[PDB]
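Below you'll find only one chain, the form solved without the partner chain, shown as structure tokens.
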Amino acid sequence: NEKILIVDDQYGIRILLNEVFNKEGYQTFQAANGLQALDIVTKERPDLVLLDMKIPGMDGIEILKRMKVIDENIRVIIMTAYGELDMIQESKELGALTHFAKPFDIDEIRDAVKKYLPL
């Protein structure tokens, strides 16, 4: 079906995001590293990428630049802290659909993926 990659190191949030979109009808993938994420982009060509900018090892701005290079049309929605205004701008520069600050409203994320990635 339509595929969603979830790149999040916060286990509970990842497992929650996973269960929601799976219930919705999307085929989902999980990642906890930038490296594991890049791999799934290259193999699975997912439609939407939900990316926590706070991932282990690689910085979100770099895993985003890299995803772009693999698939110039990759659609990413970044998750960040409300006070990271310059970083939020950069992602915007790079091609982030939008961004949600953590902690977020799971209903708000659920509504955005359906608005950008209509199943």
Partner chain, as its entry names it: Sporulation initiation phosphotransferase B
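Positions refer to the first chain, counted from 1.
3-11 versus 108-116 - which carries the larger mean C-alpha B factor in the record = Taking the mean C-alpha B-factor of 3-11 and of 108-116, the larger value falls to 108-116.
Going by the average Cα B-factor in the PDB entry, point out whether 56-64 or 30-38 comes out higher.
-> Here the higher of the two C-alpha B-factor means belongs to 56-64.
Kindly indicate the residue among 71, 84, 44, 90 with the greatest C-alpha B-factor in the PDB record.
-> Going by the entry's C-alpha B-factors, 90 comes out highest.
Would you check the entry's CA temperature factor for residue 77 and let me know if it's in the chain's lowest, middle or highest third?
-> For residue 77, whose C-alpha B-factor we compare with every modelled residue in the chain, the answer is the middle third.
The same protein also exists as the form solved in complex with the partner chain; that form is not shown, yet it is the one meant from here on.
Can you pick the one in 33, 89, 42, 27 that has a heavy atom within 4.5 Å of the partner chain in the entry with it bound?
-> Of 33, 89, 42, 27, the residue with a heavy atom within 4.5 Å of the partner chain in the entry with it bound is 33.
Answer with yes or no whether residue 47 is in contact with the partner chain in the entry with it bound, where contact means some heavy atom within 4.5 Å.
-> Residue 47 lies outside the contact set for the partner chain.
Answer yes if any heavy atom of residue 81 is within 4.5 Å of a heavy atom of the partner chain in the entry with it bound; otherwise answer no.
-> Although the partner chain is absent here, residue 81 would touch it in the entry with it bound, with heavy atoms inside 4.5 Å.
With the partner left out of view, is residue 95 within 4.5 angstroms of the partner chain in the entry with it bound by any non-hydrogen atom?
-> It does not: once the partner chain is placed as it appears in the entry with it bound, residue 95 has no heavy atom within 4.5 Å of it.
Looking at the partner-bound form in the entry with it bound, is residue 85 within 4.5 Å of the partner chain by any heavy atom?
-> Residue 85 belongs to the contact set for the partner chain.
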